[PDB]
Every structure is written in C-alpha cells, then in structure tokens.
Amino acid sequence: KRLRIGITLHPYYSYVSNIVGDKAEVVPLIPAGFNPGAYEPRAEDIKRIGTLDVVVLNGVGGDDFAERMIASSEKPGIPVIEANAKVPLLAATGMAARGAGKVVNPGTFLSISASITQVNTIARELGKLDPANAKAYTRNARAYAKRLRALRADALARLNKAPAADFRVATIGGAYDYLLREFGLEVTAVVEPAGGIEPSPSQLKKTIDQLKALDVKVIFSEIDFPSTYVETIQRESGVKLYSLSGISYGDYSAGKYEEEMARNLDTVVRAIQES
C-alpha cells in the first residue's frame, strides 16, 4: 500500500525519512553495521529489491554496489532516483583517484546546499511515483531545507567573526571537499593519504615531512588517526589535525544527517577560531 523506497548511504535515509515521514517506507539496501568498502551483498539483500518501488541513488561513485544489486534482482528495471542530477560536481584528484579511474568526488552530501538540491530532486521524483502524497513530500522537503539552511547560516555567521588568513587550510585527502568549499575554506595543498589509520614509521615520516613543509596550521584529515599518531604529527610538524564524520557509521535515523553535520560544522568553526 505505502511506497517502499530503497536507500544506499546513511545521508539518503535522513533525506528520504524527512521528505516522506510516515507516508512511505524507507528501506536500507545493505544492513546497519556494514560499510560497502568492502562488504559483499547477500542473496537476502538482493531479494529485498524485489519488494521495493524505487531506489534513491547517490549515483556519482558513492554507491556503485546498489546498481550491481539492482541488476542481479527480480526488478532490474526498478525506478531509480538520481539524487545528484542538479548538483555541480567536484573532481576527484590525486594518485589514488587517478589510479582508480575516479573522475568525480561523490561526497556531495557533506555540503548543505548540495543536500538541499538532492532533497528537492528526491521529493519531486517521489511525487511523480506517488501523486497522492506529492503535496506532503514537497511541504516536508521545504521544512527540511529550512532547517538545513539555518545550520549553514549559523556556521557561516560564526566564521564571519574570523580573519581571511585563518581560512588558509590543507587536507589529507579530498573527502570533505564539498564542505570546505561551501564554508569558504581555501585548501593550500592536498596531502595524499598514505598507509591508513595506523601507518608504518616510514609512511608516517613522509606525511610529517609533507606537513612541516606547509604554511598552514589547520589540517582536515580524511584519515582518522588514533590519538598517539595525532600527538606525534602535531608535535613533529606544528600543525593541528582535525577529523570530520563521513556520516557512514551505525544506525540509520532521520536525524543522523543533521546531528552529524552540526558537529562537523562545530569542528570546522573550532579549528578556524583556534587558529
């Protein structure tokens, strides 16, 4: 009776939940506790696609697993929502991105303005599939966007207090590229991620060497290093390492996206205010 909407990544559960409310069912494609980098979808997950009416996709490199799961299902021609259709995309850069054939950065969801565009795109397409609830989906998308804009405005107001020189930062990877660009942060250099969260002494040395060579004091890292590594990096290079949430862990909830974006924007503001 109610429309059954498939979702891939955690932010899309928040988007769809806030758009539909109780009027439709929001169905995660892959279970909570599992990251699709790497996790192999079960027959149970593929069978579930046969119970859905539409699948919302990031569709720009964030959820390639979803298109493969759909092709193997009982509904390969199921309606799909390309959430990023109207979102201007950022290039994926570095040795790793080039070596993987990655053209675009898919983390559009870490931008508030991009999330608003995706929410409006989902709400429009959902109403085409379920005309009876089209008015409600639009009204909910408007209320959701309003809350999201207030979050963007609040962070932008707190950064307005800070001088333009403080906005010169650097990164380890490009995971937060859409967020940093949106909040007017100038990325001086991008240090290529080497060796994971627990790098070898040789891999850590190379990172510290690349960091001390920089003229910035704040670094946003894609790699969430344990405190001992952070402590060593900071003491040996004089930079301050900050990590943000990629909104990809634990339970699916309607509030997850906004709760974690609030915190990410708190870290960015704290980083610049402390510099």
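Numbering starts at 1 and runs along the sequence shown.
Peer 1: Give the stretch, out of 190-198 and 162-170, with the larger mean C-alpha temperature factor in the deposited entry.
Peer 2: That would be 162-170.
Peer 1: Per the PDB record, is the mean Cα temperature factor higher over 48-56 or over 233-241?
Peer 2: Taking the mean C-alpha B-factor of 233-241 and of 48-56, the larger value falls to 233-241.
Peer 1: Just the C-alpha B-factor column, please: which of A145, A96, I122, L179 has the biggest number?
Peer 2: Highest C-alpha B-factor among the listed options: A96.
Peer 1: Tell me, please, which of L29, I247, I70, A43 has the highest C-alpha B factor according to the deposited entry?
Peer 2: Result of the comparison over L29, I247, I70, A43: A43.
Peer 1: Taking only the Cα B-factors deposited for this chain, tell me whether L204 sits in the lowest, middle or highest third.
Peer 2: Middle third of the chain for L204's C-alpha B-factor.
Peer 1: Splitting the chain's C-alpha B-factors into thirds, which one does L3 fall into?
Peer 2: Middle third - that is where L3 ends up once the chain's C-alpha B-factors are sorted.
Peer 1: Grab the CA temperature factor for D63 from the record and place it in the lowest, middle or highest third of its chain.
Peer 2: Bottom third by C-alpha B-factor.
Peer 1: Looking at the entry's B-factor column for C-alpha atoms only, identify whether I112 ranks in the lowest, middle or highest third of its chain.
Peer 2: Its C-alpha B-factor belongs to the lowest third of this chain's values.
Peer 1: Could you say whether, by C-alpha temperature factor, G184 belongs to the lowest, middle or highest third of its chain?
Peer 2: Within its chain, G184 is a highest-third residue by C-alpha B-factor, going by the deposited values.
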